[PDB]
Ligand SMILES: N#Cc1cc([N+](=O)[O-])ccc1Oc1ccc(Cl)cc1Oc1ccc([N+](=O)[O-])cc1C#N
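In structure tokens, the next block holds one chain alone, the form deposited without the named molecule.
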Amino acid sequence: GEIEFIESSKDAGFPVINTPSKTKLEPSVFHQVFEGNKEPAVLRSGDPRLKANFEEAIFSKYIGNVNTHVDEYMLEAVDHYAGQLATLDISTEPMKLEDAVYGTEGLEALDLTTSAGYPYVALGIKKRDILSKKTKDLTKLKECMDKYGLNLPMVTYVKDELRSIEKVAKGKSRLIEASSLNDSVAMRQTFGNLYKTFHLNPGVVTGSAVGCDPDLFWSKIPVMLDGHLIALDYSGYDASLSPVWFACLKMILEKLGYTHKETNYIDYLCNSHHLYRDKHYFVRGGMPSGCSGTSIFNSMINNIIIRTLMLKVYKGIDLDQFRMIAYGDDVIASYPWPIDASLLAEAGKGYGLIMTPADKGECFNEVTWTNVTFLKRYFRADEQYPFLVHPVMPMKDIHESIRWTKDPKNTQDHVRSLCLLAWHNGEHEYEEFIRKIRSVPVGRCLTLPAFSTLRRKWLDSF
């Protein structure tokens, strides 16, 4: 993706978008008890911790576009992946508005907590001024959509989250886009049944883990991923995507029965108009992460990409023995024969993708079940029930999280959530985690699950 045009918002009559410049993250009562290195991402230009130019840094992910046609490797990649998805009988019928907005099986209700985007954000109109959970009112929503229509500008926000020392100093904060509520709803109507099928079918047919529950899903993954593991990472996957990958995605959607008209929203994602504070700008290419379906669409594109690279380097590959699962940019895959991931990565560079060894490894090393990660989690078979696999979030990451909070009122939910992650590291690690939590008086006011309870509920869940 590439920023093709930027200018001052007032010159086009857009008001300044007033977003917060102070982090909501504050040190928690556990900040001294545990060790950590991460701090809130830089949110503003004058941040004393910066050792680089902020505006430059946050937009640097837009590395440019390669401008190619959909080539022969892409075409075959799309056909093979499309063959798999056909299996699922995805309905290209519009999802009914009430289902798309207020929830249905496989598609949670529209988040009423996040930005309503433009123009609402400039009118002080919040999502809950238009929508109501208890009521399921579609009246105001219908008015708003009729009134303002579709294809509205996106609103760019800087993501308020913990980052490493390096990422803070380099100012490399992540950007998230808020689609207009109008566009979010139209996309959920148009692709909702697709969203639902993906969410209800994590695995190697969808090639997707979006919506997965790691406690359950982790035990299935090694059953599905039969061969020699394949894993590489991307740098700035979303913003690196060139328009040709969106062309691929449209081809695959149309093979699924979507009309050319119905795939128009993919053009909305690819060629986009954004408001950022006092600036407005146009982007060609790049997935605008935060819009409707971007995790799923990122995942679908990744399925196309990896197949493409395999076909291009290994002429004579049999993709029918290939398996992969993606969560956006995160891929874990297998093939019955060894595959040189460095070759794939170089082939990727040719398509304008930045691909590196798994987990910032030095070289494209041997990926094994011991050192592979997915969604930041390791895989550890249970000692007693070898067919059950623990998702293992590193204690280091759990420690980083507990040292900060955006609202202490939710301390109980926060610590309990971390407990659900921690116990997979084993009893000794868990009891230490609990010990340290209880070394603070708040820790002794918390209802914390026992290890044995956590293990029992987990075993029982299968």
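Numbers follow the displayed sequence, beginning with 1.
- Of the two stretches examined, 131 to 139 and 240 to 248, the record assigns the greater average C-alpha temperature factor to 131 to 139.
- Higher mean CA temperature factor, per the PDB entry, when comparing 418 to 426 with 29 to 37: 29 to 37.
- Highest C-alpha temperature factor among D215, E105, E177, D329 per the entry: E105.
- When the C-alpha B-factors of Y335, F374, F198, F364 are ranked from the entry, the top spot goes to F364.
- Among all modelled residues in its chain, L50 ranks in the middle third by Cα B-factor.
- The entry lists a Cα temperature factor for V210 that places it in the lowest third of the chain's modelled residues.
- When all modelled residues of the chain are sorted by CA temperature factor, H280 is found within the middle third.
- In the PDB entry, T294 places in the lowest third of its chain by CA B-factor.
- The deposited CA B-factor of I3 belongs to the lowest third of values across its chain.
What comes next is about the form solved in complex with the named molecule, which does not appear here.
- Contact check for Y281: every heavy atom lies farther than 4.5 Å from the named molecule in the bound PDB entry.
- Within 4.5 Å of any heavy atom of the named molecule in the bound PDB entry lies no heavy atom of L175.
- Although the partner is absent here, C270 lies well away from the named molecule in the bound PDB entry, with no heavy atom inside 4.5 Å.
- Of the heavy atoms in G290, some are within 4.5 Å of the named molecule in the bound PDB entry.
- Just one listed stretch, out of 308 to 316, 184 to 192, 164 to 172, 341 to 349, contacts the named molecule in the bound PDB entry at the 4.5 Å heavy atom level, and that stretch is 184 to 192.
- Checking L275, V367, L107, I332 against the named molecule in the bound PDB entry, a heavy atom within 4.5 Å turns up for just one residue: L107.
- Among the residues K250, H199, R380, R377, the one placing a heavy atom within 4.5 Å of the named molecule in the bound PDB entry is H199.
- Counting a residue when any of its non-hydrogen atoms is within 4.5 Å of the named molecule in the bound PDB entry, there are no hits in 428 to 462.
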